[PDB]
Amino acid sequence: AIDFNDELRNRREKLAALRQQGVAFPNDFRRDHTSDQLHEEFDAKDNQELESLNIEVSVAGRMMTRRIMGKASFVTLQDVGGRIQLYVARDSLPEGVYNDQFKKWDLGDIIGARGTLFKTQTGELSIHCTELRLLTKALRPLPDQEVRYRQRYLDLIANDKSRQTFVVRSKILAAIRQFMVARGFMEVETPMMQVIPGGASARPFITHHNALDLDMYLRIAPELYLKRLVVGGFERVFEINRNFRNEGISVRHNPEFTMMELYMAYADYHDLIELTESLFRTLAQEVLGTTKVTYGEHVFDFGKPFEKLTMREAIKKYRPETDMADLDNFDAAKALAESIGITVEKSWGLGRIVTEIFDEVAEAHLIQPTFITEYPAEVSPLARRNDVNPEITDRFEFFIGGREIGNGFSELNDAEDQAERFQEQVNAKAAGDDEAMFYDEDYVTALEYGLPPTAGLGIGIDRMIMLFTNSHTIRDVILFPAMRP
């Protein structure tokens, strides 16, 4: 109870003393190795080899553990690469350092050491220090379960599993880029501030540009800009960045999240299906070392094709007692939708009701990688219309672990059609749909100049990261998740 305040007081007092000696917070010590480097290169060498090699190195990091055994101590130093042992002895360090300094430091203190590599009796790689310094005094001792999110640095200091998750996140993003670039895609940066937000259906965040006394929105999706670039000739473009949606936080939703949108001209959604499957197989193989990924109580084989069902097949499969004819009648569908708990809004049409039914009925059940095709036109204002059935579009979404991971389709490059669909979206917003799209005249204009047949795909990067790190909340894969005040 009070022992914590004694720790705080003790640290402030030790700092006070440092301040009296000179500059309390230096910036002079330089290391030449991180723990991981030392282990990779020297773990396989026995004390004999290391003795003759007589290799001196310099490291720096947090003092995680310290066992003072008189004239000698053993310390665990933790740096960006992991942990390495330090052998701190009174007679190995400059006169007085051991007793007048080292013993006065505290766990959590950032220290720097220079010494010779050797292996302990236990066979561990250790550094027999010849120099040791206190670089940063930690004023607080080393660390609900929401603390991990409110103070992610504490979580990173304490849990190696958490660190590994974020390190893997970086590996995945770098691997996606390498994968995309390998396919001739060029990464671009489109606006995140837009006067007319679009490219998706979501409530946007609105802000105001004082200089132009202009109200603007954080983008909910870069889609409309990326397709403008395809019209401009950048036929293989992709963007991996934030998108913002003024919607509530959840185990799969963060107000700001990372999405990858990619567009390749002269391709349709089938090409995107192949790309998605190869992307996941590549990432699993590349990042995890295997195509079979364990997630919760499941195992996803990214080495086998994703399952593929039309939206209706998924509805029928997960609610077998459904009279499929009900999805063809607005009243029947509205009734069905309502019977299962969906509040049917005045603005919704049959296509929207059917999609909502699909959401309620099947989504949570798509545990194994699944592609859901034949999305109704009503809910796909930017998707190419299907040649045989105008009421649906050449669009799909894919799910893994019961969550939507991506959304892709053959793009709508029919300007007149696009204009009309934007009008419907405007009507819908007038009819109450707060997520309906804004009319984007310049976008239509761009299509009038000619957009090559194209296939676009958006993938929720955070959700994707969850599947590769066995995380069951988006909060575990975003360094600083949105937290409630």
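One-based numbering along the sequence shown.
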*Count, per the entry, the deposited residues between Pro143 and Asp144 that are not modelled, and return the matching class: none, 1 to 3, 4 to 9, or 10 or more.*
4 to 9
*Higher mean Cα B-factor in the deposited model: 213-221 or 260-268?*
213-221
*asked:* Averaging CA B factors per stretch from the PDB record, which one is higher: 354-362 or 115-123?
replied: 115-123
_Per the PDB entry, maximal CA B factor within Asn241, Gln194, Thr276, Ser201_ = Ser201
*Name the one of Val444, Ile55, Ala60, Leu451 with the greatest CA B-factor according to the PDB entry.*
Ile55
*Going by the entry, which third of its chain does the Cα temperature factor of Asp433 land in?*
highest
*For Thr34, does the deposited CA B-factor place it in the lowest, middle or highest third of the chain?*
middle
*Consider only the C-alpha atoms of the modelled residues in this chain, order them by B-factor as the entry records it, and name the third containing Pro305: lowest, middle or highest.*
middle
*Would you please rank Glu374 by its C-alpha temperature factor against the other modelled residues of its chain and give the third it falls in: lowest, middle or highest?*
lowest
_Position of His472 among the chain's modelled residues by C-alpha B-factor, lowest, middle or highest third_ = lowest
